[PDB]
């Protein structure tokens, strides 16, 4: 069983080292806390939270970094390297990359204003990476609600509360124009915008993301508080101001009978949201871990030990 006290004897200052690393990086990259949370999500959804995403290419397997959901998108890898080196310096050969990334995600959420909790620990590191599985398992922003639900179920998260709460990760961070062009200009081959996008916000987004513009330009997921971890994400949805199709689907899908009341409850209460977010995060962090003597304590997060 994973346990929050796992390093209390062997590396008691691990969360502190992780915190200071993020605090320091945030001075020059305000986006890093968002990026790190996303890294952990992408770890967990592919063979579980086993740091498989941190591995670079080898001649026998391809890196997940070249997945459709990771390439030219996922970021923060050198920051993870830095906190890893610092922990190895304090606590040699003790803390797994999988656990380190889990703590990093939690600390990132707290540093951005979100809930504070101790994550379960004891995960171990994969002996390979899973590119095809990453391409199969990471959901895409054009997914319908039933597709999103299938994608969460596929990895062991059956509950609509899992989906709606973890979606609150879009309370901060950035999204490239490429992922919303259809909503803005040609939704579902209509040549018209997505009708569930508020028309005032549509104009703003078209201004940031013109047809024939730079597809890599970044826009904030949360128009209310772009860098603060809070429940404002859900208030946006109630106003038809979710950024990506999958955001707005939680509130507007014909299949949203079960998700609408979760969105509303989380918009109405910070405490309700934060409680559900911590619960869902810990469920996601419990996806198929290696434990005990399985896998490794990887010394360099990019390569399996030899």
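Numbering follows the first chain given and starts at 1.
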Higher avg CA temperature factor (262 to 270 vs 43 to 51, as deposited) belongs to 262 to 270
Taking the mean of the C-alpha B-factors per stretch from the entry, tell me the winner out of 137 to 145 and 87 to 95. 87 to 95
Residue, from 66, 29, 239, 247, that the PDB entry assigns the highest Cα B-factor: 29
Between 70, 252, 60, 35, let me know which has the highest C-alpha B-factor in the entry? 60
Name the third of the chain's ranked CA B-factors that contains residue 286, choosing lowest, middle or highest. lowest
With respect to C-alpha B-factor, does residue 123 fall in the lowest, middle or highest third of the chain as deposited? lowest
Going by the CA temperature factor in the PDB record, which third of the chain does residue 104 belong to: lowest, middle or highest? middle
In terms of the chain's CA B-factor thirds, is residue 81 lowest, middle or highest? highest
Of the three thirds of Cα B-factor ranks in this chain, residue 186 occupies the lowest
